[PDB]
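Engineer:
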Amino acid sequence: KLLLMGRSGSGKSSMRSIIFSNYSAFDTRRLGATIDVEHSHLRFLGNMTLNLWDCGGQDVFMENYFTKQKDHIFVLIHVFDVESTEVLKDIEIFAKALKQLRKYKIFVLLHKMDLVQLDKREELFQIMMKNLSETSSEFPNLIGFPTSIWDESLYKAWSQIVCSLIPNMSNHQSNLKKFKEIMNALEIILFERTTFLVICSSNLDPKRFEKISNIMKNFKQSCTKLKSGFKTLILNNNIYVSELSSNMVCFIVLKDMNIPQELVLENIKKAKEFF
Amino acid sequence: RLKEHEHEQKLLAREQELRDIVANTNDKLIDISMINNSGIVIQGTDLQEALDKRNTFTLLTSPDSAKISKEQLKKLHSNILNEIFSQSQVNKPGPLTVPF
Amino acid sequence: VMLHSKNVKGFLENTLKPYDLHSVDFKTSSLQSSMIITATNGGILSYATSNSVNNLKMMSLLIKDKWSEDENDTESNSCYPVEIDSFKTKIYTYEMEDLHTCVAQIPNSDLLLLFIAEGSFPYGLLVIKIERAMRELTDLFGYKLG
Amino acid sequence: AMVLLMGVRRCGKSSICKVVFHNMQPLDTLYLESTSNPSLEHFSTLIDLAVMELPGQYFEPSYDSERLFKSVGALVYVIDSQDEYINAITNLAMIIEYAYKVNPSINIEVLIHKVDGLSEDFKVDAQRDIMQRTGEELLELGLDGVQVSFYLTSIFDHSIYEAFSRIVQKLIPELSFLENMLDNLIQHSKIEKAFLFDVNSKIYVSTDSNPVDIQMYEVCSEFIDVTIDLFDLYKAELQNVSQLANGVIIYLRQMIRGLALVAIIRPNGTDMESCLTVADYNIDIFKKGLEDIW
Amino acid sequence: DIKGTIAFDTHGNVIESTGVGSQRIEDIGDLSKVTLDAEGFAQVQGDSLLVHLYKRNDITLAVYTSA
Ligand SMILES: Nc1nc2c(ncn2[C@@H]2O[C@H](COP(=O)(O)OP(=O)(O)NP(=O)(O)O)[C@@H](O)[C@H]2O)c(=O)[nH]1
Ligand SMILES: Nc1nc2c(ncn2[C@@H]2O[C@H](COP(=O)(O)OP(=O)(O)NP(=O)(O)O)[C@@H](O)[C@H]2O)c(=O)[nH]1
Ligand SMILES: [Mg+2]
Ligand SMILES: [Mg+2]
Numbered sequence: 008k009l010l011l012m013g014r015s016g017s018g019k020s021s022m023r024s025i026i027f028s029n030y031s032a033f034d035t036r037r038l039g040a041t042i043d044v045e046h047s048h049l050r051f052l053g054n055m056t057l058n059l060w061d062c063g064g065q066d067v068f069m070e071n072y073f074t075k076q077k078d079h080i081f086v087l088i089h090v091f092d093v094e095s096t097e098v099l100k101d102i103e104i105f106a107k108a109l110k111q112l113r114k115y120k121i122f123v124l125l126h127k128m129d130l131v132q133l134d135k136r137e138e139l140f141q142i143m144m145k146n147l148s149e150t151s152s153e156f157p158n159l160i161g162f163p164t165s166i167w168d169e170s171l172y173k174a175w176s177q178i179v180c181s182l183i184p185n186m187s188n189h190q191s192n193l194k195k196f197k198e199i200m201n202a203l204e205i206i207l208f209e210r211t212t213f214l215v216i217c218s219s220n238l239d240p241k242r243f244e245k246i247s248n249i250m251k252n253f254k255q256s257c258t259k260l261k262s263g264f265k266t267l268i269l270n271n272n273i274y275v276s277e278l279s280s281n282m283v284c285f286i287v288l289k290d291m292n293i294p295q296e297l298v299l300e301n302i303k304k305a306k307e308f309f
Numbered sequence: 043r044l045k046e047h048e049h050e051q052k053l054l055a056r057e058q059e060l061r062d063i064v065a066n067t068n069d070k071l072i073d074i075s076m077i078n079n080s081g082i083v084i085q086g087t088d089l090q091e092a093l094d095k096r139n140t141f142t143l144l145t146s147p148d149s150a151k152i153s154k155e156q157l158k159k160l161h162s163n164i165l166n167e168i169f170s171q172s173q174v175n176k177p178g179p180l181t182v183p184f
Numbered sequence: 002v003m004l005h006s007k008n009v010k011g012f013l014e015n016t017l018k019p020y021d022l023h024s025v026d027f028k029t030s031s032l033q034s035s036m037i038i039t040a041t042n043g044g045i046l047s048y049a050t051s064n065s066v067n068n069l070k071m072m073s074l075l076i077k078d079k080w081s082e083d084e085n086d087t088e092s093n094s095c096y097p098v099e100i101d102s103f104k105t106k107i108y109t110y111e112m113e114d115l116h117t118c119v120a121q122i123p124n125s126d127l128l129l130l131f132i133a134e135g136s137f138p139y140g141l142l143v144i145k146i147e148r149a150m151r152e153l154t155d156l157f158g159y160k161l162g
Numbered sequence: 010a011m012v013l014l015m016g017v018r019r020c021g022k023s024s025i026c027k028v029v030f031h032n033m034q035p036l037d038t039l040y041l042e043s044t045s046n047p048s049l050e051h052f053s054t055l056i057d058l059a060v061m062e063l064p065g066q069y070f071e072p073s074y075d076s077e078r079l080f081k082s083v084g085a086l087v088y089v090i091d092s093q094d095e096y097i098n099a100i101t102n103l104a105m106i107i108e109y110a111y112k113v114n115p116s117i118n119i120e121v122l123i124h125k126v127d128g129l130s131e132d133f134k135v136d137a138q139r140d141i142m143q144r145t146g147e148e149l150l151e152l153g154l155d156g157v158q159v160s161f162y163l164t165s166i167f168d169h170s171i172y173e174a175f176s177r178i179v180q181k182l183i184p185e186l187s188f189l190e191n192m193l194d195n196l197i198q199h200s201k202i203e204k205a206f207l208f209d210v211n212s213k214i215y216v217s218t219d220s221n222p223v224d225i226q227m228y229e230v231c232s233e234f235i236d237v238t239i240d241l242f243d244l245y246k247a268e269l270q271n272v273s274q275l276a277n278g279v280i281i282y283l284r285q286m287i288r289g290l291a292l293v294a295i296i297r298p299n300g301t302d303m304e305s306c307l308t309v310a311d312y313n314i315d316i317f318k319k320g321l322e323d324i325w
Numbered sequence: 008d009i010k011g012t013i014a015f016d017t018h019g020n021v022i023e024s025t026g027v028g029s030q031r032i033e034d035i036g037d038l039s040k041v042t043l044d045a046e047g048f049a050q051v052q053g054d055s056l057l058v059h060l061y062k063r064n065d066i067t068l069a070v071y072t073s074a
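So the sequence lines, in the order shown, correspond to chains A, B, C, D and E.
Read left to right, the first sequence gives residues 8 to 81, 86 to 115, 120 to 153, 156 to 220, 238 to 309 (UniProt numbering).
Read left to right, the second sequence gives residues 43 to 96, 139 to 184 (UniProt numbering).
Read left to right, the third sequence gives residues 2 to 51, 64 to 88, 92 to 162 (UniProt numbering).
Read left to right, the fourth sequence gives residues 10 to 66, 69 to 247, 268 to 325 (UniProt numbering).
Using UniProt numbering, you'd call the opening residue of the fifth sequence number 8 and step up by one each time.
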């Protein structure tokens, strides 16, 4: 289903714990090292349930995967610890996964990006990708992101990942635009309810959706202290977030800050049924 | 000294002056109970309000009694009321419900 | 369906217009304010005026309270029954502070149309004003809150 | 007014300064380097405070300090846990001797610091028996100044924020009125707890009578952070409401001088709008309250 | 010469009032009780002036002259 792979220490399980199991960036340092493959069955959109093959990272396991379980094993999120002394190793184990994969969607994550200094982050991601894409051609076009636990770009990672397996894009984009129309918004965003990943934009900050994913994850993770789950939040009458469907939450931003609450919430509720 | 007297009375006068502000704000607030039982909103007629602004009339059947004819009254009545009703019609800018 | 805010603010703002009769020397002040509110809560859905937004939202809750109290009782005056296209409703005439108010339920719906005016503005006149305005809210008849 | 923030060299003076005032990510304070010359972070809000770090090197009562202490509202000495604090206490008693000598009315607050990692039991264990050795070195020095104020604080937590709140609150003159005035706001409206926060600082100027369970302070602080984080994203008064499944409401409204009222509302069953409209009405008069104290 | 008008419904409140009408609203009390002929008209005088009544469709127009 979903292959979570990469050498030891690269925080595969750390990611799994954050975006899925709702660990925070801090608590994940607790996690014991993945022994063989830890499977995780969790649903997205209700309609599709996902199986997360959180593979082992240690070389013992790694070299085993391409041996007595190669057929068994064969999307692949392959992650990369930036600091690795043995870079060309990790490149070549990626190559090892690749050939067996022709036996049978590829995503590369430069994880732990929070460690390398801000200036040589751009340059360092560039050179690494220049390589991996060339290696990947044996696929023609490779898409992969810089990824850290300590920033929001982890969410933007999996957003562009999960939506790659969502068929609703044709239906939903049509069904969301048609909500933007009536509401006279600046934009509406659709997120999944539990994971908080971006599903769809309607129509001037570029890092909106990744950040919102983060801020909202943290309000919701914070809400536990009051002992109840998040439903709605209304800001300045400008910004509206509502729980909507059983497997959807919407971030609306209105153009006028005085269209009465009960109206927006009423229109939210009528639209709520559809999707 | 005497300066200390004067200033000490003041500080205490300012102190009570603050107690006033507190008490006024405290007085001014509203409860949800007050909302439920409040008799601010009551049924009203114009008869009532003029009667609280704070036998009388004798009838005449004689034909000679009227200074405006029955036909004059009829025309004024129909005129006033129709002007009111016509002036009372008001149009929606568009459909109040939308599809989707 | 879902409600067109712009058109509702429009209608409500058109209802603010006063009367300038010259059958006689009769003329009214403009309607002070005018809202369509929820029948369930007494929360503003749309308003027009000739923080105050709160003062209104508040008044709404007070009026809705008395309306539902009156509306749900055993038994006869400051309440006009009205028939519109076989849809039936009640117009109520209240005094609140110094104001002349006038609330009628939009038939079959969870929406009350409520007018607020000056003391100078007579009740019997507002009754007409609201009834005649009501007759143009055909789009909303039977709107149950989502 | 102003406050003296002193301690045993390299113990978390500049640390809590940067994290309280600049919302610094604390591991960036790990790489902070020794300020050897007295530095002061001003703080405005309701009172116009001024926090002055002193480098420290025992007490050494200098020539200037006689007026400086006579010019101090309150004194916050920070004792680093996880180091021999007996030297800190030996020194501390000498400082409070000078303060009390010069200005007898000084409020003395002591921060038991770097307590985050240690177990709750290890903390209780430390506190009950540090208080003892603190009053010990003072019993030897004349009478006992009733300045008993031990605030167990961790920079990596909400502990400092709560402490500093209780510290600054202790200085505010109009406080007694704020509490009772704010108190019966939350009595008329359906509010279990309300705090006046400095939005930037995250410390609180006033709360109500009912118990400040730190879980709740935490919710309100985190709420502020959320509303600001979201608001800052989109710019093309300042208020924020959120409702949870159980019906409870978190409310925030901008108020005079960088403050912001943040409150938790019980539904008790009623409509949200009714609760929100009554709230807004009361909070409007409340805003008129603290507008008419300045 | 007309000195004022009141025009009221049968609930008690008023539809319009000009001249003395707006002042002497109290009259609707006694006025609404007046015995009308089969045509719906009446002439009454009670206070140094003469009121004329007409009632069409539950709406009475009262107009005012003098003695
Ligand atoms: N600074 C930083 N540390 C990270 C990040 N991701 C993970 N780590 C740290 O690195 C460790 C990686 O642990 P884990 O998630 O088990 O990695 P893994 O890829 O599952 N290894 P294995 O499969 O061998 O068990 C965690 O303890 C965590 O503290 C990141 O983005 N930034
Ligand atoms: N665990 C923990 N570490 C802390 C805490 N406060 C500070 N530290 C760490 O301990 C060091 C000392 O803190 P710092 O504020 O720099 O000390 P200082 O009192 O300013 N030194 P100086 O007297 O030279 O001005 C810092 O590098 C910081 O990382 C705390 O509450 N908990
Ligand atoms: Mg692991
Ligand atoms: Mg320092």
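Using N, Cα and C, we set each Cβ at its ideal position, and we do this for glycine too.
1) Cβ of C/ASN42 less than 7 Å from any chain D Cβ?
2) Straight-line CA distance for A/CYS257 to A/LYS265?
3) If distances are taken between C-alpha atoms only, which option among D/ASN313, D/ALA99, D/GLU95 comes closest to D/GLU148?
4) Taking the beta carbon of A/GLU296 as the centre, do at least 16 other beta carbons fall within 10 Å, making it buried, or is it exposed?
5) Assign B/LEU44 to one of three DSSP states: helix, strand, or coil.
6) Give the straight-line distance between the Cα atoms of D/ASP311 and C/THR117, rounded to the nearest whole angstrom.
7) Looking at the unbroken alpha helix (DSSP H) that takes in D/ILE106, where does it start and where does it end?
8) Can you give me the start and stop residues for the beta strand (DSSP E) that D/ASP136 sits inside?
9) Among B/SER170, B/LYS52, B/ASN78, B/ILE84, which one has its Cα closest to the Cα of C/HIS23?
10) For C/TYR139, decide whether its Cβ has a neighbour in chain E, counting only Cβ atoms nearer than 7 Å.
11) Assign B/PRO147 to one of three DSSP states: helix, strand, or coil.
12) Between the alpha carbons of B/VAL174 and C/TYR108, how many angstroms are there, rounded?
13) Taking only the alpha-carbon atoms, compute the straight-line gap between A/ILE26 and A/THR212 and give it to the nearest angstrom.
14) For the beta strand (DSSP E) that A/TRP60 lies in, which residues bound it at each end?
15) D/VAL272 bridges to which residues according to DSSP?
16) So that I know if they touch, is there some Cβ in chain B lying closer than 7 Å to that of A/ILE286?
17) For the beta strand (DSSP E) that C/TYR110 lies in, which residues bound it at each end?
18) So, are the CB atoms of A/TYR172 and A/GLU94 less than 7 Å apart?
19) Beta carbon of A/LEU59, beta carbon of A/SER47: below 7 Å?
20) Would you mind reading off the limits of the beta strand (DSSP E) that contains A/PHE285?
21) Taking 6 Å as the cut-off, is the C-beta of A/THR41 nearer than that to any heavy atom in ligand 3?
22) Taking just the CA atoms, how far does D/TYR215 sit from A/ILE199?
23) D/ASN118 lies in the beta strand (DSSP E); which residues open and close that run?
24) Who are the Cβ neighbours of B/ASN79 in its own chain at under 7 Å, not counting the five residues just before and after it?
25) Put D/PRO72 into one of helix, strand or coil per three-state DSSP.
26) Rounded to a whole number of angstroms, what is the C-alpha to C-alpha distance between E/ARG63 and E/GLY47?
27) Could you tell me whether any Cβ in chain A is nearer than 7 Å to the Cβ of D/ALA294?
28) Would you report the Cα separation of C/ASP155 and D/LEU196, rounded to the nearest angstrom?
29) Going along the chain, which residues of its own chain have a beta-carbon closer than 6 Å to the beta-carbon of A/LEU267, five neighbours each way excluded?
30) Among C/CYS95, C/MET3, C/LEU129, whose alpha-carbon lies nearest the alpha-carbon of C/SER73?
31) Would you mind reading off the limits of the alpha helix (DSSP H) that contains C/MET72?
32) Does the distance between the C-beta of D/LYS125 and the nearest non-hydrogen atom of ligand 4 fall short of 6 Å?
33) Using a Cβ-Cβ distance under 7 Å, would B/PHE141 count as near chain E?
34) I'd like to know whether the C-beta of B/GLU48 is nearer than 7 Å to at least one C-beta of chain C.
35) Under three-state DSSP, which class holds D/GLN34?
36) Is C/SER34 helix, strand or coil by DSSP?
Structural biologist: Walking through what the data contain:
1) At least one CB atom of chain D sits nearer than 7 Å to the CB of C/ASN42.
2) Straight-line Cα distance between these residues: approximately 10 Å.
3) Closest by alpha carbon: D/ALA99.
4) Label assigned to A/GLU296: buried.
5) When DSSP states are grouped into helix, strand and coil, B/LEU44 belongs to the helix group.
6) Each residue's Cα considered, the two are about 23 Å apart.
7) Per DSSP, D/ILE106 belongs to the alpha helix (DSSP H) from 97-113.
8) Note, D/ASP136: premise wrong, no beta strand (DSSP E); alpha helix (DSSP H) at 131-150.
9) It is B/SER170.
10) Output row for C/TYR139: interface = yes.
11) In the three-state DSSP reduction, B/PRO147 falls in the helix class (H, G or I).
12) Going by the C-alpha atoms only, they are around 20 Å apart.
13) Between A/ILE26 and A/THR212, the C-alpha separation is close to 6 Å.
14) Residues 55-61.
15) A/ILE268, D/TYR282, per the DSSP bridge assignment.
16) Output row for A/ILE286: interface = no.
17) Segment 103-112, the beta strand (DSSP E) holding C/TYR110.
18) Here A/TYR172 is not near A/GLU94, since their CB atoms are 7 Å or more apart.
19) Inclusion of A/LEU59 and A/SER47 in the CB contact set at 7 Å is warranted, their separation being smaller than that value.
20) From DSSP, the beta strand (DSSP E) with A/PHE285 extends over 283-288.
21) Closer than 6 Å to some heavy atom of ligand 3: that describes the Cβ of A/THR41.
22) Our two residues, A/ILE199 and D/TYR215, have alpha carbons roughly 42 Å apart in a direct line.
23) From DSSP, the beta strand (DSSP E) with D/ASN118 extends over 118-124.
24) Close CB contacts of B/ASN79 within its chain, under the 7 Å cut and outside five residues either way in sequence, are absent.
25) Coil.
26) In this model, E/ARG63 and E/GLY47 are separated by some 7 Å (Cα to Cα).
27) Not an interface residue.
28) Cα to Cα, C/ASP155 sits roughly 42 Å from D/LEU196.
29) Non-local C-beta neighbours of A/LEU267 in its own chain, meaning closer than 6 Å and more than five positions away in sequence, comprise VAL275, ordered along the chain.
30) Closest option to C/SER73, Cα to Cα, is C/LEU129.
31) 65-84 is the span of the alpha helix (DSSP H), which, as asked, contains C/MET72.
32) For D/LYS125, the Cβ stays outside the 6 Å cut-off from all heavy atoms of ligand 4.
33) It does; some Cβ of chain E falls within 7 Å.
34) Chain C, which has no Cβ nearer than 7 Å to the Cβ of B/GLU48, makes this no.
35) In the structure shown, D/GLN34 sits in coil (DSSP, three-state: anything other than H, G, I, E or B).
36) Residue state for C/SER34 is assigned as strand, using DSSP reduced to three classes.
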